[PDB]
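Let me begin by presenting the structure, written as C-alpha cells, before commenting on it.
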Amino acid sequence: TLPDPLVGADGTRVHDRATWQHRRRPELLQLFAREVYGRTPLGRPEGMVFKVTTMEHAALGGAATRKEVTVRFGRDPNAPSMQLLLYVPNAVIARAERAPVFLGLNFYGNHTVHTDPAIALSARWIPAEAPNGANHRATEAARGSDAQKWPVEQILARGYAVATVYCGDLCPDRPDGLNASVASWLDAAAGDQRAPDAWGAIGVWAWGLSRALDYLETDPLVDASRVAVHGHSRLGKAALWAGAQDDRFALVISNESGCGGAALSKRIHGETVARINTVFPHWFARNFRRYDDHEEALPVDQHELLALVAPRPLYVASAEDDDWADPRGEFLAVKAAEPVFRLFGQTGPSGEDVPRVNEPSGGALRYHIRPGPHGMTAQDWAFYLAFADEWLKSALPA
Ligand SMILES: [Mg+2]
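Numbering (the working numbering), first residue to last: 380 to 777.
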C-alpha cells in the first residue's frame with residue numbers, strides 16, 4: 380500500500396504546484412535523506428577548482444572536441460577530486476552554438492567508455508568485475524571495455540555532448556569504499572563510525588553528478604541548462620537521487636535502476652531492501668537497514684523519488700529479463716508518480732500493466748521495457764535520444 384505523494388506528512392492534500400514545490404518536495408527530500416540515502420551534508424563546497432588537463436579539437440576523427448577536466452572539491456591541491464571526460468560535437472561548436480549534454484557516471488573508468496587511446500587511464504581502484512583489469516587497476520586492454528553502454532558517436536551525431544566521471548572517483552564500489560571516499564572528507568566527522576543518517580555511495584555518487592554540472596556551467600562549449608543526467612543500474616539509482624535533489628538537471632533518465640532506484644520497495648519482488656543492504660552495506664544510509672524485511676514500514680516509496688523530478692522530464696526504463704530490478708515495480712512506480720506529473724500538466728504512460736517490449740509510453744514522464752537482460756543497449760539509447768529531442772529544455776525562449 381503506497382503512501383500518496385499528494386498527501387502531506389500532516390495529512391493535508393496537495394492540490395497545487397506551489398504547495399508541491401515549497402512544502403511537499405522538502406518533506407520528501409528529507410524523508411529520503413534520513414531514511415534511505417542518507418543526508419547530503421552540503422551541495423557545492425567552497426573553493427571548487429576546475430582544471431582542464433587535456434583538450435583535443437579533432438577527437439574521433441574530427442567529430443568531437445574532447446576535454447578532460449579535474450574537478451577538485453576545495454582549493455588546497457590536497458583536496459579530493461574527480462576526473463571528468465567530455466566529448467562535444469564539433470558540428471555544433473563550429474556553428475557557434477552551445478551543445479546540450481548527457482551526463483552520467485561510468486562503472487569502470489573513463490577509459491572504458493570509448494576505445495579512444497587518448498583518454499587518461501584511471502589510476503583509481505577498480506572492481507574485479509571490470510573487464511581486463513589487473514590487481515584492481517586499469518590496463519590498456521580495458522580501453523573501450525564498456526563502450527556498448529556508451530554510443531558516443533551516435534549521441535554526438537544527434538547534437539549532444541557526452542560527459543562522464545568514474546563513480547569510483549567519488550566512492551569506490553566496495554563495502555569499505557566510504558572510508559576512502561568524498562564522504563570521509565565532506566561529512567567531516569572526527570570519529571570513525573558513520574552516523575545512522577550518514578550518506579553512502581549512492582548519495583556521494585549523486586553529489587558528484589551535481590559537481591559535474593557545476594563544471595559544465597563554466598564550459599563555454601555546452602548549455603548547462605540542458606543537461607540530461609542518466610545512469611544504469613546502481614549508477615541510475617545515483618542519477619535519480621541527483622536529479623531529485625538538484626533541480627538544475629533538465630532531464631533525468633533511470634536505466635534499470637531497480638531496488639532503491641525506480642522499483643517500488645513495497646512490492647518485495649526481485650531484489651529487496653534486506654538483500655541490497657546485506658550485499659551492498661555502503662550504498663544506502665545505515666538507517667535504511669531499519670526496513671530490511673520490513674518494507675511495509677517505509678514512510679516513502681520510490682514513486683515519490685520519481686515525483687521529485689516533476690515537472691522536469693523523467694524517463695524510467697526496464698529490461699524484460701531483469702526480474703531482479705523488478706520491471707513491473709519500476710513501471711508501477713512511474714504510474715504512482717504520474718499524479719504529480721499531471722498536477723504539472725504532464726502525461727505519463729497510458730496502460731495499467733507493463734507495455735509490450737520496445738513500445739515506449741508516456742509524454743514527459745516516459746517508460747519503456749526492452750527485450751533482454753540487465754544492461755544498457757543501443758535500443759535504450761535510441762529511445763532516450765528521441766525523448767531528449769522532444770522533451771529536453773530548448774535552446775530558445777528567445
Ligand atoms: Mg525489488
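No residue lacks a Cβ here, since even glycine has one placed at the ideal position from N, Cα and C.
Taking all protein chains shown into account, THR391 has fewer than 16 neighbouring C-beta atoms within 10 Å of its C-beta and is therefore exposed.
Checking the 7 angstroms criterion, the Cβ of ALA642 is within range of a heavy atom belonging to ligand 1. The alpha-carbon separation between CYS546 and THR756 amounts to approximately 20 angstroms.
Secondary structure of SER563 (DSSP, three-state): helix. Around the beta carbon of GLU709, 16 or more other beta carbons sit within 10 angstroms, so the residue counts as buried.
Rounded to the nearest angstrom, the gap between the Cα atoms of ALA438 and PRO468 is 10 angstroms. Of all C-beta pairs linking the region 543 to 560 to the region 578 to 587, three or more are shorter than 8 angstroms, placing the two stretches in contact. The closest CA to that of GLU532, considering only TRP586, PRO690, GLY440 and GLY453, is found on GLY440. When the five nearest sequence neighbours on each side are left out, the beta carbons in the same chain lying within less than 7 angstroms of the beta carbon of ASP672 are those of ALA653, in order along the chain. Taking the CA atoms as reference points, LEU421 sits about 32 angstroms from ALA507. Listed in chain order, the alpha helix (DSSP H) elements of length 4 or more contained wholly in the region 670 to 736 are 681 to 686 and 706 to 722. Judged by DSSP in its simplified three-state form, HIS648 adopts coil rather than helix or strand. Here the alpha carbons of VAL719 and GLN725 stand approximately 9 angstroms from one another. Relative to the Cα of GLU717, the nearest Cα in the group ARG735, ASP702, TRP703 and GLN681 belongs to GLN681. The Cβ atoms of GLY587 and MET461 lie closer than 8 angstroms to each other. In the three-state DSSP reduction, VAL658 falls in the helix class (H, G or I). Only residues of its own chain outside the window of five on either side were considered, and among them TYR466, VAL467, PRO468, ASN469 and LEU535 have a CB closer than 7 angstroms to the CB of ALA443, listed in chain order. Annotation for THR657 indicates a beta carbon at 7 angstroms or more from all heavy atoms of ligand 1.
At the C-beta level, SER524 and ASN511 come within 8 angstroms of one another.
Residues of the same chain with their beta carbon placed closer than 6 angstroms to that of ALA761 are lacking, with the five preceding and five following residues left out of the count. Following the DSSP letters along the chain, one finds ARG605 inside the beta strand (DSSP E) bounded by residues 601 to 611. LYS616 is classed as buried because its beta carbon has at least 16 other beta carbons within 10 Å across all chains shown. Collapsing the DSSP output to three states places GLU447 in a strand.
Within the DSSP bridge table, the entry for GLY547 names no partner. CA-CA distance, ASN485 to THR494, rounds to 14 angstroms.
Collapsing the DSSP output to three states places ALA574 in coil.
With a threshold of 7 angstroms, the Cβ atom of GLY649 counts as near ligand 1, since some heavy atom of the ligand is closer than that. Cβ-Cβ distances below 6 angstroms link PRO530 to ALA757 and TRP760 in the same chain, with the five nearest sequence neighbours on each side left out; the list follows chain order. Annotated as distal: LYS446 and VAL428, with beta-carbon spacing of 8 angstroms or more.
For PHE663, the three-state secondary structure derived from DSSP is coil.
When C-alpha distances from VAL658 are compared across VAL688, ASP593, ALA698 and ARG613, the shortest belongs to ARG613. Spatial neighbours of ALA641 in its own chain (CB-CB distance under 7 angstroms, excluding positions within 5 residues in sequence) are listed in chain order as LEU619, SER633, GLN681, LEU685, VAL695, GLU709 and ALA712. Set against 7 angstroms, the gap from the CB of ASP705 to the closest heavy atom of ligand 1 is smaller.
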